[PDB]
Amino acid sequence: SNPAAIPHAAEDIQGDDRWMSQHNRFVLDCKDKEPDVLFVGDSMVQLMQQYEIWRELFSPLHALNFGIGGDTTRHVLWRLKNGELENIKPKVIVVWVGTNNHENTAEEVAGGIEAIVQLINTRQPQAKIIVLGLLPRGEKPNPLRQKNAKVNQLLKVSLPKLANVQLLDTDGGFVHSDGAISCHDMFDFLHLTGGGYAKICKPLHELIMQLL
């Protein structure tokens, strides 16, 4: 039984209950909003809205962003089953999660993303889903690059399957020949800078325009 495929809320261990506050807000947005494009996932998704690129490329598409920093496949699943997929009928749904699934094997993470896709076209069978490939991370070669690459390969094979879904695995010149990632693409060797998002968003935006 895949643990990454089982919905589970991110329990508050700090005390400021920020996770639920974000979730509730997304539920609140689902009430007085009607988007055509829905963005769901982790910090890779959330942080995208904090860059100018979002207003120029995605704001015009009437898009909602339900990204939460630190979320794993389990967390995303829970949110999707608990209201974040109600009162709305998006034509396109962008999913980007898995890089925070520490302790889970690549196979488990792939399985969890699949569980997400399955839940999405169950609740939103009319929506076309776009799953973003997990990006390399770490300044130098390390286990997570391998782990993340295996997830993308596994998804590439499992996603042509399932309904209305496809894997977009765009990759800039992130990992150079010397095996290093520049802080100019990822400032902390994980999250993207504006230059880094430029390499990913443009292709993502054309596929969305297409699907729509």
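For every residue, the number given is its place in the sequence shown, counted from 1.
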Residue stretch of maximal mean CA temperature factor, 73 to 81 vs 125 to 133: 125 to 133
Stretch exceeding the other in mean C-alpha B-factor - 25 to 33, 140 to 148: 25 to 33
Top Cα B factor in the deposited entry, candidates 68, 180, 159, 186: 159
Residue of maximum C-alpha B factor among 120, 106, 97, 94, per deposited coordinates: 120
Residue 46 - which third its CA temperature factor falls in, relative to the rest of the chain: middle
Record-listed C-alpha B factor of residue 40: chain third: lowest
